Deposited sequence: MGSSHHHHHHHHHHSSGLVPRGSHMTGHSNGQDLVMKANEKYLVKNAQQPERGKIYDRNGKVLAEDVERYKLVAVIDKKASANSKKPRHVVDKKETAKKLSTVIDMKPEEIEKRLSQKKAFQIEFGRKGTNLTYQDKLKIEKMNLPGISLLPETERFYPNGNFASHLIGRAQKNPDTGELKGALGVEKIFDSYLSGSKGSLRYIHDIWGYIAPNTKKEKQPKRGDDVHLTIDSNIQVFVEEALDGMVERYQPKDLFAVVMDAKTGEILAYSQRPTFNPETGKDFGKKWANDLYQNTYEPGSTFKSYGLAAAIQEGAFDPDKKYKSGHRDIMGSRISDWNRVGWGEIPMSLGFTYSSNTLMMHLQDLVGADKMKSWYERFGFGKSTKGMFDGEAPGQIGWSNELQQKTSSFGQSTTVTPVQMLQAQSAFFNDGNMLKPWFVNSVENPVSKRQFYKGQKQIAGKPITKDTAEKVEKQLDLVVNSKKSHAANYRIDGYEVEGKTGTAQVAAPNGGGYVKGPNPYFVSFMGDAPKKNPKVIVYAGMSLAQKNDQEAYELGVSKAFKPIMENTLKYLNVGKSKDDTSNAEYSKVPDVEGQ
């Protein structure tokens, strides 16, 4: 028969996916089966058999009888409700001692946590003819040649199921409240790059197949976003190191005219001549345009490239999107400074953000801990911390971190809804416009925003980074604009900090 497909484990050894034995119900209905035998080998009483079978399977007795009455057939099955039956279901049916009724063992792929990190783990599909399982998405697909067999190798993830629960629960909350078109959250260990939790909405249920195929793209590695103002931190880091950002230097706020278009601070008028530090706390768009002018267009492109953007991070997911740095003209360049036109993956954002908490060294994020075989003990692969690049100095990092502290904790902050009681939080907010897939423009509406937060806690020396974004709320779009992802970040961040024994 088939070799046992390897298991997918979480960082603490909990099974995320495995092979189990289930059972399919089979009924011989042709009288010829009992010709030679003393006790009947087929269904004599269709009515009683159907009545009694409906006590285990989710079928009405008239339907079982209908299927039981098909002609020119030796055996019948009962569709979706005849299979994936439990060992308990088997025993119930066998005690019934129904003639012609049997249960046939079948291998199924079992996901013990159901809808749980689904767009990461993936789904294995079965070929009924041979029972052969073949991964169709995520880890099951990426690592299909190892997982398959004699027994396949196991794949151990960096995911912590305890932190994953916090994420899953938070995302359910977001959907209920905001019904967004797309949504994701990811928790990364701030010192190693390990992905401790990831999920997205909408997603699917690996165990039932529900909604599988409706959205093939994994948001972390394969989808791309105009990030919005969370992108401002890398412009700021560049400005700091080049000697263009002085936190106390004043600058002319208000607007800039770019190729005949008005790019304004979010209040249209600005605040007059204000210190550069305050403008970042306000998320002043003119600040970033001004800083770009200081550093230089050519230099700013290299800066964004040296932060990893526009190229794949080379993770172990299939089809990793590279994004692109929008630099074709001044309008694209100026809008890229606050995170429009340029497109990114969430994994790129995690990689760049990590520079500020590792003396300027970007960490390559990673989610595969081990591929190894449990019978032979052969280890094929082992994940590890890896520096993707050191684009800034330690001094620049600390100076970036000070403005991220002020974004949340300045008296003039517009991000106090992201604060958590007992825990010092910092990060950067984003409210970004999202391109219409057909239409060549931005999606229109009262608040047609991709709202996001790139946060970390405890501030200065964080244990985890939390990045969460929500695209185009369809319910409560006013609150989505006012609160961003704060109703996701707080329950994720707080519960993780508690589980990791960080002190309040």
| query | finding |
| --- | --- |
| Ranges missing from the model, given as deposited sequence positions | 1-47, 197-221, 577-595 |
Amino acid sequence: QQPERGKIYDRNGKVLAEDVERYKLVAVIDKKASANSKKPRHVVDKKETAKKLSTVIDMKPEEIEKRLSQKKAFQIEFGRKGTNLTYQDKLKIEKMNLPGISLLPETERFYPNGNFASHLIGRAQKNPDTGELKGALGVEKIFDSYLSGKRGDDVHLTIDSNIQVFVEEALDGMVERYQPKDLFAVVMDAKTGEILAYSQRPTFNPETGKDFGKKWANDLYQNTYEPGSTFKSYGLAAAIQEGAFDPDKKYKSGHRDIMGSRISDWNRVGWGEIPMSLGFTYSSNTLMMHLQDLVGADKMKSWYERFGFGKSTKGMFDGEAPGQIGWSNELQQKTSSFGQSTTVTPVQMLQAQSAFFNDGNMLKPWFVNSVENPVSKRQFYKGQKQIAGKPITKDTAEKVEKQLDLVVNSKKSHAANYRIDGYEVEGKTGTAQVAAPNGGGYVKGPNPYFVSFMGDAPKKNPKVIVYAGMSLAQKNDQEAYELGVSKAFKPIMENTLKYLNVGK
From here on, numbers count along this sequence of modelled residues.
{"query": "Stretch with the higher entry mean CA B-factor, where the candidates are 448-456 and 54-62", "finding": "54-62"}
{"query": "Per the entry, higher mean C-alpha B factor between 218-226 and 288-296", "finding": "288-296"}
{"query": "C-alpha B-factor winner, where the candidates are 99, 138, 365, 346", "finding": "99"}
{"query": "Peak C-alpha temperature factor (PDB record), options 157, 197, 259, 142", "finding": "259"}
{"query": "Modelled-residue ranking by C-alpha temperature factor, third containing residue 23", "finding": "highest"}
{"query": "Cα B factor band for residue 422 (lowest, middle or highest third within the chain)", "finding": "highest"}
{"query": "Residue 248 CA temperature factor, ranked by third within the chain", "finding": "highest"}
{"query": "Relative C-alpha B-factor of residue 212, binned into the chain's lowest, middle or highest third", "finding": "middle"}
{"query": "Position of residue 474 among the chain's modelled residues by C-alpha B-factor, lowest, middle or highest third", "finding": "middle"}
